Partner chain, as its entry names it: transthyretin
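Shown next as structure tokens: one chain only, the form solved without the partner chain.
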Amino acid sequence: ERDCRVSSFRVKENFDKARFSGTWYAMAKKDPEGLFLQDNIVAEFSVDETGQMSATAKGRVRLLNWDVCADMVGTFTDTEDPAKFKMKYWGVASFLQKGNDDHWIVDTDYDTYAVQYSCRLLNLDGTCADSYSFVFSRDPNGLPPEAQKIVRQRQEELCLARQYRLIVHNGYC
């Protein structure tokens, strides 16, 4: 039986903030409870001179049967693992969803694909009770087959492979 304990999940060895910087298009998402980012999700990652990673995102978001284009902001606090962060986030608009989630770079090759994961709440057996995950691509037209195959493996390793939906980019925002 597969190990689905969050503590067991491998993440990106020697994660490199600088190489990860720039534009990432969300191709797929596994939603948490009370999902927020809906579609047209585009992220912009940056790293400052002190070495701190941060990001912005734009996308159609769920407010209520009410969705809207929103700009989000995230700042990442380092942990002992170079691929595991604490992400403080908020909307440019006061009323938008704000919070602090774990933010793991599960895998990336920096120039093609990235797999992100967050467990918001653990089960008592160490599995995740409430998770989300994004698959990003540098190219909004999607991953090449080699990357697609690696990503599928990573999705399976997170015990999430059956639970993603595709994210469309159709110029809405």
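Numbering follows the first chain given and starts at 1. Basically, rigid core = biggest C-alpha set you can superpose within 1.5 Å across the two forms. Only residues modelled in both forms are compared.
One more form of this protein exists, namely the form deposited with the partner chain bound; it is left out here, but the text below deals with it.
- In the deposited complex, the partner chain stays beyond 4.5 Å of every heavy atom belonging to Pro82.
- Proximity of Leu121 to the partner chain in the deposited complex falls outside the 4.5 Å heavy atom cutoff.
- Within 4.5 Å of any heavy atom of the partner chain in the deposited complex lies no heavy atom of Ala129.
- The partner chain is not drawn, but in the deposited complex it has no heavy atom within 4.5 Å of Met87.
- Along 94-127, residues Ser94, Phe95, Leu96, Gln97, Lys98 each place a heavy atom within 4.5 Å of the partner chain in the deposited complex.
- At a threshold of 2 Å in C-alpha displacement, with the core superposed and only residues shared by both forms counted, 65-67 is the one segment of at least 3 consecutive residues that shifts between the shown form and the other one.
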